[PDB]
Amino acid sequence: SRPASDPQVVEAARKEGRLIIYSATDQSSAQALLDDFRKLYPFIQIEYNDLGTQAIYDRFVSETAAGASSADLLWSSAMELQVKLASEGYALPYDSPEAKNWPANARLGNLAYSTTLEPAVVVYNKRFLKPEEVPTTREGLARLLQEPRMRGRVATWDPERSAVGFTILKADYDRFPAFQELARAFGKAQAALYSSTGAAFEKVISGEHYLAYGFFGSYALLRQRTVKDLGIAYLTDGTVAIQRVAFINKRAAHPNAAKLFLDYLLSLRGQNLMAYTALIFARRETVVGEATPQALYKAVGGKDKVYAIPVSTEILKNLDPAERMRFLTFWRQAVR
């Protein structure tokens, strides 16, 4: 039940009566959260803007620079872009009463918050690869992708075009040495490179591709409901998890509505609704559903096989020229 937002915030939110969100989260994934927020707080008109991760950063920066009305709350899997904004004066400092036991590495102090722990998984078409054929390690996937029969049948992110594709593949490269071998295997298999989870899943579902690497498990579980032939394989040699980052615009027209929504996302109710109905992999460990930390940990063989990218300024290294250059120079030569 009800998030522990202050009564004064709730009244103030009622005077605002509107809530502008910029979000990367596919609205079809996010809808159950909007619907459930509407029941808590029927008096808040929501404008959900489903936008690419890069478009959110560019939109917010230019709107802000012009004095324009922008969003009240920004929610996105592009973790570098969000931590940059939130560490540079775009964030309203708010100490959420629902985050008192958030680890220090899932919050930028009072400036920004992790709302999810979403694994980068393998999705495959069971009509072309049965489960016993899909390896669960970067080594195994590399050997599979040496098969001629797999040439043209693999998708992954374009880290040059998707800002969250950059987040995932950069974290894969920093933490798993076997990633390099796997990247070159993508070059051998003429891997096709995608700027959205949806584009890659359709191609996999159609059979144009047999296997997609590094897309959100959240989206793949939702799609599985409707597509029997869509398979999910979790990596047992190490799993990158993103934490979808939430902050309030310092210059929100409706800061208290943004506070309620943030508090909702962090609450036992939002996290449970995430795990059970939105099928978004929740941040809280005491959640019930398919999309949970406990179902991820079981799948990969323990919490210690998950590298959770922290909501920290440390990850801005990923935007420093020399760090950006080494990754993308590696990636372009590997993938060919």
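Numbering starts at 1 and runs along the sequence shown.
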| query | finding |
| --- | --- |
| Higher-scoring stretch by recorded Cα B factor average, 156 to 164 or 222 to 230 | 222 to 230 |
| Greater mean Cα temperature factor according to the PDB record, 185 to 193 or 117 to 125 | 185 to 193 |
| Highest recorded Cα temperature factor - choice among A66, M274, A55, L34 | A66 |
| Residue of maximum C-alpha B factor among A86, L73, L145, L260, per deposited coordinates | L145 |
| Ranked C-alpha temperature factor of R151 among modelled chain residues, by third | highest |
| Chain-wide C-alpha B factor ranking for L296, given as lowest, middle or highest third | middle |
| Third of the chain, ranked by Cα B-factor, where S206 sits | highest |
| CA B-factor ranking of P255, expressed as a third of its chain | lowest |
| CA B-factor ranking of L141, expressed as a third of its chain | middle |
